[PDB]
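Residue numbers (the numbering used here), protein chains in the order written: chain A, 29 to 418; chain B, 380 to 770; chain C, 4 to 135.
Note that beta-carbon positions come from the ideal geometry of N, C-alpha and C, so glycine has one too.
Read the structure below first, then the notes.
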Amino acid sequence: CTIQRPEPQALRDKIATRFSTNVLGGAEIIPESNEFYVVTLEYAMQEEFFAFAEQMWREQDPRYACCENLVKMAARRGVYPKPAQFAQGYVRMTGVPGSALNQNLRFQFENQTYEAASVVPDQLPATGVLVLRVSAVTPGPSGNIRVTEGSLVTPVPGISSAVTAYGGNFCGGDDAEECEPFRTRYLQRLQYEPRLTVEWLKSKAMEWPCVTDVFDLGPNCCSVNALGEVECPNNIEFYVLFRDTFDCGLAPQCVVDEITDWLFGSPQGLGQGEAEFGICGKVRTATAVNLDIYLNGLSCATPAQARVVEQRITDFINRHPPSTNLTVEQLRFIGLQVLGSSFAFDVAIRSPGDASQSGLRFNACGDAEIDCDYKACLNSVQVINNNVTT
Amino acid sequence: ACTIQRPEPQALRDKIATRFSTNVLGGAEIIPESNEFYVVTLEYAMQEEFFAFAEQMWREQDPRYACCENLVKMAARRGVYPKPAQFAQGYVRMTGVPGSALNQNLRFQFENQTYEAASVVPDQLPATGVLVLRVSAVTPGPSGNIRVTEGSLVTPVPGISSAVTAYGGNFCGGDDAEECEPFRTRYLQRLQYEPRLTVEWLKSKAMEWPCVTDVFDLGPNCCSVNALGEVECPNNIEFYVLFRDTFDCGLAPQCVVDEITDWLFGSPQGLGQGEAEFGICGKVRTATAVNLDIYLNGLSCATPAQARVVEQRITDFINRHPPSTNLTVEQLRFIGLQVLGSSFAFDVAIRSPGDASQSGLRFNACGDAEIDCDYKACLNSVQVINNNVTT
Amino acid sequence: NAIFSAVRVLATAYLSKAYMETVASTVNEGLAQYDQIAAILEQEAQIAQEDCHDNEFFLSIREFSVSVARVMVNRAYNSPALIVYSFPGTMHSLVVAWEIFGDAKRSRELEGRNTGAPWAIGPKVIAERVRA
């Protein structure tokens, strides 16, 4: 069942018949008489009502409402446009220990001014090295430059005037949104519902600047899930990597502490951050463990193939999750996929200088065992030859 | 019930009359019978239609009153769509001499239901001469569900045994399309305010596991009270599931439900490895069958049509009964009495097979069959005792 | 009330279809028949709109009534297009038919519209409109 807007001719005739039968007693409507003008004016009022009604009912539809009407009936539900964002990065500074610092530092790298974003300690640490988080002063994509050396804008007693940015990485810059891209992502949000699935928490972490990968605690970690007298799991923890910025993608504890406070809130357990109420967690880093890999027999393969094997192995170890064994079979498979199943290949893993490193052990099969809070980092890959052929 | 407040008709008719006099007739009222009187009345007649048009075009924009076509259009804007028809599914074991080539169009039959391969068939039979295929019903609908374990090839091919057998289970999962009214209630339920929707979300999700037919919440008899005389509310999530189309009486063994629980909640539970959110612990239960015999008395005076339908209605009512719920004589008596008539002499009684005792079954004075937790009343037989009347 | 209301509306609709299969004896009678129906449809409309019992039914009923009026009124006024004449005195049906039309065989029509004996029709007669 449905009743819709009538057509003009089908509407005018309805009025004329009704007017004639109930007023003139069935008499015909003679054109140009006074009743003719009365009937047509009545029809006009009839049609203007429908046209206006259809016009207004369109504005309630987000797919077609004008821009100024879209910002409202969208802010009511808590969906606002997005302004220009600010670029971010990490810096390092050194000086005489014990010197007094200030909460108004400013760094000039190359035609760009960056201001300290975290809380600067009152005095420089004992070791004389400090790492900060800085944000661009002018929002926009232009803050994503890649420079490695900058200078402090204003001199400070007891502190050097030269600073460095880890890896010259600066990311996060963007421009403001427009009406059309905003209409989408709003009527798209209407069809969405978050659920706190571990994927959501994992995804939320990557929003932090200069974060590349994120992994759960590895097999060699005995996690704790209760953290109280409760009958269902309550605690969640996971790692992070900064492959593009820090050496081996591992950051000092000064940074991961900041992430934990924002994501899980402070105090924890009261839903002060981006996590659910009554859920506690922690984000932790790991310490590097250097390894050396000796590939035997590659010297007798073509130079093109030799480089590919070296490049693939280096990439695989760089992406390896922390606190996980680095077995020999994984390295061997990479070689067989390219060199062929009939090639005389062999690999071995040894520590630099055959020394002893904390959290490292070798099992009978020849693999490498790594404990919690430790990661496998490539130090040098070398090719050796001790056989004869060809 | 009107949403657009309509003042009293007398108040309206005065307003039109006053407006006409002030604008056209210069302050004087209307003569009782003249052209001015009739135009005023006609204006009132059109006034009513405008009110109806405004209200009707509001009704067509509300979920619980809109037309079927409009209802689906609104639902599509919130990520809710009607469920399309489903096709049965299962596995088939095929045996034949190795080497003989195979064909894609090959199809089977099991009790008048023809099934066709639903996957890319290999080039030829493997070395061992045994092959496994995935099949789907040629035609959709619930008729594709059957409980059998032997079939027969419909299109003979040389070198392939003329007999074909299915797996230990059977084909099921087919279902018919979704109508308009069932869709409307589902859409409204999503829009409404419901506490503890996490329980509702899990219950709805569990219905997607193959072979599942119904989802029942914990029965009233499952309530527990500690020694302090205070009702206890647990923090876990649990419910029942039945397989009426796969197992006798719809009760499945423990091993079957264990797999569902692991998938739904994970292993170990609560870490979010399953479908449930993080920090959610639960368990899916099963039930055990207790038999019952039902005797209908005083049904000889009714016409044969009445006897047939009354027997059918009671049988369906018992079959779909939830677990851990009492079965009372009043319910069965009311169902039949609703058809025969409130003045009819109708009586029913319940007894166990051979009048023996069973586990989890107890009879009260009024004649009800009280049932304990993790127990479902399973119908055994329906008998209409015989007497003589109307001769 | 659904049984009563549905039956009455259906009967009225078919009754109108019955009136359309017969010729209107007179304009006054033809319009009288229409008034007998418009009241029933109008009466039904008020019941269905008393408390927004069925708004859609109210709209459909109202639209049907105007459609019925467009045809019933046309039949009464224009089916044979009757008109009143003014003769100088009473005369026989046969003579009246010959004068107005020119064919004495048409006196049969005058029987149903004009009262009075066949030998005293007048002094005012009701007949069709000559459209030579």
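N-terminal and C-terminal residue of the alpha helix (DSSP H) that residue i is part of
i	result
B:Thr694	683-698
C:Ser89	C:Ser89 -> not in any alpha helix (DSSP H); beta strand (DSSP E) instead, spanning 86-89.
B:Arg730	Unbroken run through B:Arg730 is the beta strand (DSSP E), 726-730; no alpha helix (DSSP H).
A:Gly309	Premise fails: A:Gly309 lies in the beta strand (DSSP E), 308-311, not in any alpha helix (DSSP H).
A:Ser179	Run containing A:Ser179: none in the alpha helix (DSSP H); it sits in the beta strand (DSSP E), 177-180.
C:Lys127	Premise fails: C:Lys127 lies in the beta strand (DSSP E), 127-130, not in any alpha helix (DSSP H).
B:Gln426	414-438
A:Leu39	36-51
B:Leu740	From DSSP, B:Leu740 is part of no alpha helix (DSSP H) but of the beta strand (DSSP E) over 740-742.
B:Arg569	559-570
C:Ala51	30-51
Chain B contact residues for residue i, given Cβ-Cβ distances below 7 Å
i	result
C:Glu59	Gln435
A:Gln219	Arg457, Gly458
Partner residues on chain C for residue i, Cβ-Cβ distance less than 9 Å
i	result
B:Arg438	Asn58, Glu59
B:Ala390	Result: empty, since nearest Cβ-Cβ is about 17 Å, beyond 9 Å.
DSSP beta-bridge partners of residue i
i	result
A:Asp150	According to DSSP, which records beta bridges pairwise, A:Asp150 is partnered with nothing at all.
A:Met121	A:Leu158
A:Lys403	A:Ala316
C:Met94	C:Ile124
B:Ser515	B:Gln468, B:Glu495
A:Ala128	A:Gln151
B:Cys551	B:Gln468
C:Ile6	For C:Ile6, which the question treats as bridged, DSSP gives no partner whatsoever.
B:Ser760	B:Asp672
B:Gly645	B:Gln648
Neighbour list for residue i in chain A, Cβ cutoff strictly below 7 Å
i	result
B:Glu611	Result: empty, since nearest Cβ-Cβ is about 13 Å, beyond 7 Å.
B:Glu656	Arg223, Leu224, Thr225
C:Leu62	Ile31
C:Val76	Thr49, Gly54
C:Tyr80	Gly54
Contacting residues, own chain, Cβ-Cβ under 6 Å from residue i (five flanking each side not counted)
i	result
residue 419 of chain A	The requested residue 419 of chain A is not part of the displayed model; chain A covers only 29 to 418.
C:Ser110	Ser96, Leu97, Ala100
B:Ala445	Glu439
B:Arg526	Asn549
A:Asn413	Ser327
B:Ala454	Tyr566
B:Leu675	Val727, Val763
B:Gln648	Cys660
Cross-chain neighbours of residue i in chain B, by beta carbon under 8 Å
i	result
C:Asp54	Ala380, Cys381
Any C-beta of chain E under 7 Å from that of residue i
i	result
C:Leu13	Included in the structure are the protein chains A, B and C, with no chain E among them.
Listed by chain order, chain A residues near residue i by CB distance under 8 Å
i	result
B:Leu404	Residues of chain A passing the Cβ test: none, with the nearest at roughly 15 Å.
C:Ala72	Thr45, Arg46, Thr49
B:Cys446	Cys29, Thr30
Where the beta strand (DSSP E) containing residue i begins and where it ends
i	result
B:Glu617	616-621
B:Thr544	542-545
B:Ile750	748-750
B:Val594	593-595
B:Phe489	486-489
Sequence-distant residues of the same chain with beta carbon closer than 7 Å to residue i, five excluded per side
i	result
A:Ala314	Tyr267, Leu278, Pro350, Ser351, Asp401, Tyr402, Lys403
A:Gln219	none
A:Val317	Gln385, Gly387, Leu388, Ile398, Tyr402, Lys403, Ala404, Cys405
B:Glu573	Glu579
Nonlocal neighbours in the same chain, by C-beta distance under 8 Å from residue i, ignoring five residues either side
i	result
B:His700	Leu706, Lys755, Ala756
Beta-carbon neighbours of residue i, restricted to chain B and to distances below 9 Å
i	result
A:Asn262	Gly649, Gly658
Per-residue contacts from residue i into chain C (C-beta, under 7 Å)
i	result
A:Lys42	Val69
Within chain A, partners of residue i - CB distance below 9 Å
i	result
C:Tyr22	Under the 9 Å cutoff, chain A gives no residues; its nearest Cβ is about 16 Å from C:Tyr22.
C:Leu34	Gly53, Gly54
B:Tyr423	Simply none; closest approach about 11 Å.
Proximal chain C residues relative to residue i, where beta-carbon distance stays under 8 Å
i	result
B:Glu428	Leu62, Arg65
Could you tell me whether the stretch 412-430 of chain B touches the stretch 515-535 of chain B, using the rule of 3 or more Cβ pairs below 8 Å? no
The stretch 281-291 of chain A contacting the stretch 245-262 of chain A, beta-carbon criterion three pairs below 8 Å: no
Is there contact here, the stretch 34-45 of chain C with the stretch 85-92 of chain C, by at least three beta-carbon pairs under 8 Å? no
Kindly confirm or deny that the stretch 554-561 of chain B and the stretch 584-599 of chain B touch, where touching means at least three C-beta pairs closer than 8 Å. no
Hey, is the stretch 38-50 of chain A in contact with the stretch 447-461 of chain B, meaning 3+ C-beta pairs nearer than 8 Å? no
Evaluate the contact criterion for the stretch 488-505 of chain B versus the stretch 470-477 of chain B: three or more CB pairs, one atom per stretch, below 8 Å. yes
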